[PDB]
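Listed next as structure tokens is one chain, alone, in the form deposited in one PDB entry.
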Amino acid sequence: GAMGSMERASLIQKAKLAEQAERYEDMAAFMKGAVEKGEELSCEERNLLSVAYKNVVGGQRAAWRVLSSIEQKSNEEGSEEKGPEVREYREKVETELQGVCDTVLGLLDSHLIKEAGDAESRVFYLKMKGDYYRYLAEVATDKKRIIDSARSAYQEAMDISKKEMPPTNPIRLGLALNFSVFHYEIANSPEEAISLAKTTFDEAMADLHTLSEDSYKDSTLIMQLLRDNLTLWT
């Protein structure tokens, strides 16, 4: 790979520079290079990996949604025929998005998840796996199998997190938030989504008297997003 000649520590240093410069494509490339050195990632390094690809795919998702919206209106009654360009360009963005998801999933499978034994790394990577199958599901039309893959990854992450992490652990909370969104937006299970978000919120509240000052802002933010969703859903 193009990063094969760069020191691991240099890749990490440049990923942090790319983050400061909001150069997320570069950041992802540097972190892919770091993963491919074959050593496990630290907590800080996992965060760099996730933020890089989250921002890359986030921009692709936002663009895909803009184009898909334009495409669907072009297929409403009364809409003037305009040729294949909207579909073509939506497909172009879609294919690029799928390629990024496939790249992330390949890294997780080679071999981050295999070597992750600690709960904090294993749940983190399985959550990522669920997240990127979910992003694939958003554009899939095939779709059932992708949805099943997302659910299986989220479920294994959930089982570990509940056995090995306190309720206010930010990774546990962020997994529950995203799995509840999966239920609501992807899997047509709004009641499961609401139940998961509420149980997660309530149990985190009762655990707050143990939560570290370190993690307070992360976990409070995610708790507020759980609350925001519940307000939106109920």
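What we label the rigid core is the largest C-alpha set whose atoms superpose within 1.5 Å from one form to the other. The first residue of the shown sequence is 1; numbering continues from there.
In the other compared entries of this protein that model both flanking residues, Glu81 lacks coordinates in at least a third of them. Missing coordinates between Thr141 and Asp142 amount to 1 to 3 residues of the deposited sequence. Stretches compared: 104 to 112, 150 to 158. Higher mean C-alpha B-factor in the entry: 104 to 112. Mean CA B-factor, 212 to 220 versus 14 to 22: the higher value falls on 212 to 220. By the numbers in the PDB entry, the CA B factor is greatest at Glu81 among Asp131, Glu81, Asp118, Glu91. Across the residues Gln60, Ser50, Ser68, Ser42, the deposited record lists the maximum Cα B factor for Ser68.
Split the chain's modelled residues into thirds by C-alpha temperature factor. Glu192 is in the middle one. The entry lists a Cα temperature factor for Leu226 that places it in the middle third of the chain's modelled residues. In this PDB entry, the Cα temperature factor of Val181 sits in the middle third of its chain's modelled residues. Annotation for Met165: CA B-factor lies in the highest third of the chain's modelled residues. Ranked by C-alpha B-factor against the other modelled residues of its chain, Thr95 falls in the lowest third.
Keep in mind that the form deposited in another entry is not shown, yet the notes after this line are about it.
Rigid-core fit between this form and the one not shown: of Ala18, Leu226, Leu211, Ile12, the one residue whose Cα shifts 2 angstroms or more is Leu211.
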